[PDB]
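In: Got a sequence here, can you build the structure:
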Amino acid sequence: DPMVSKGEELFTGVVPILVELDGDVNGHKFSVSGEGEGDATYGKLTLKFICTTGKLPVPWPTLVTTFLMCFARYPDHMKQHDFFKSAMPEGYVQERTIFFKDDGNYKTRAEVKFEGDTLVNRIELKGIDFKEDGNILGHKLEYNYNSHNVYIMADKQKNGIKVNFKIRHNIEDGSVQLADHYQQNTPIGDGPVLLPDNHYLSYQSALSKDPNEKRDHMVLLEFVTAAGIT
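Out: Numbering: from 1, shown residues only. For reference, the structure is listed below:
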């Protein structure tokens, strides 16, 4: 299938990634740059993010979902369902509203596309209605991350997809902070795309620190596999 070939030739081995985020949460401004690589064959991403404006005013874990679905490993029998690679190289827009239960919300707009050989994710994030002393602006979330599934459906009227899911962030006391994610994606180009049957992406994420890094930062290792179509 030459549409499937075009995504395969773009993603084949290890692809460099660049992430750039401009953020304002309750008027707390901040920027983040990330670098790393992805290997869609294995669904594997390795990334290091740096707050280049000093201290990050929200917990790193709250930005994980915002900081690359085209690196998912789609099993061979599911290749016709991979919207994200099909939109490449021109790329797609990924927009979310993330509602933190009993607290504020993030609204994100991102463009995911190639710039040369590099796969780039440029993001603007706005957060509003946060509590200054809540779990997010009060930094009460644990530095770790649970596995979750992401359910994808076609958004046929818009030639894209819509995506809904819940993230549970562990709070320092043992409880959880729910972040209910609403997402839509649309191609940037006028080229055709693969619209998928309902399915999900299964995510695993591990957060760590670079022991030689003095800046505020997050190292992220993520594996992502599509499933849910026999």
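
In: hey, let's count contacts and neighbours off CA atoms from now on
Out: Noted.

In: And the helices in the protein?
Out: Shown for the chain, the helices assigned by DSSP state H span residues 2-11, 83-86.

In: what's the longest one packed up against?
Out: What it means is helix 2-11. helix 83-86 (3 or more CA pairs under 8 Å, 6 or more residues apart in numbering; DSSP states H and E).

In: Show me what the helix it packs on is packed up against.
Out: Secondary elements touching helix 83-86 (3+ CA pairs under 8 Å, 6+ apart): helix 2-11.

In: buried sites along the helix it packs on?
Out: For helix 2-11, the neighbour count (16 or more other CA atoms under 10 Å) marks 7, 8, 10, 11 as buried.

In: ok, and what's touching that helix?
Out: 39, 40, 41, 71, 79, 80, 85, 86, 88, 89 (CA atoms under 8 Å, 6 or more residues apart in numbering).

In: check contacts around the nearest residue to the last one once chain neighbours are set aside.
Out: I take that to be residue 89. Counting by CA to CA, 6 or more residues apart in numbering, residue 114 is the residue found nearest to residue 89 once chain neighbours are left out, at 5.4 Å. By CA under 8 Å, 6+ apart, the residues touching residue 114 are 88, 89, 90, 91, 120.

In: related to what we said a few turns ago, switch the helices of the chain over to a markdown table; also include distance to residue 150.
Out: Output for these, formatted as a markdown table (distance: least, CA to CA, whole Å):
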| stretch | distance to residue 150 |
| --- | --- |
| helix 2-11 | 21 |
| helix 83-86 | 14 |
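
In: right, and those helices - which one's nearest residue 101?
Out: helix 83-86 (28.9 Å; CA to CA).

In: how distant is that closest one from the center of its chain?
Out: 15 Å (CA atoms, centre = their mean, to the nearest Å).

In: again with stretch 39-50
Out: Offset of stretch 39-50 from its chain centre (CA atoms, centre = their mean): 11 Å.

In: End to end on it, go ahead and measure it.
Out: Start and end residues of stretch 39-50 are separated by 22 Å (CA to CA, to the nearest Å).

In: now do stretch 67-85
Out: Stretch 67-85 end-to-end distance (CA to CA) = 17 Å.

In: Now do the buried residues in that stretch.
Out: Judged by neighbour count (16+ other CA under 10 Å), stretch 67-85 contains these buried residues: 67-74, 78-85.

In: go on, stretch 54-66?
Out: 56, 57, 58, 59, 60, 61, 62, 66.

In: May I ask which two of the residues you listed are separated the most?
Out: The distance between the two most remote of those (CA to CA) is 15.4 Å, for 57 and 66.

In: Next, the distance between the ends of stretch 141-154.
Out: Per CA to CA, the first residue of stretch 141-154 is 33 Å away from its last.

In: who touches that stretch?
Out: Under CA under 8 Å, 6+ apart, the answer for stretch 141-154 is 59-61, 135, 160-172, 177, 195-207.

In: can you rerun that using 6 Å?
Out: With CA atoms under 6 Å, 6 or more residues apart in numbering as the test, stretch 141-154 has contacts from 161-165, 170-172, 195-196, 198-204, 207.

In: Which positions within it qualify as buried?
Out: So for stretch 141-154, counting by 16+ other CA under 10 Å, buried means 141, 142, 143, 145, 148, 149, 150, 151, 152, 153, 154.

In: Off-centre distance for that stretch?
Out: Averaged over its C-alpha atoms, stretch 141-154 has a centre that lies 10 Å from its chain's centre (CA atoms, centre = their mean).
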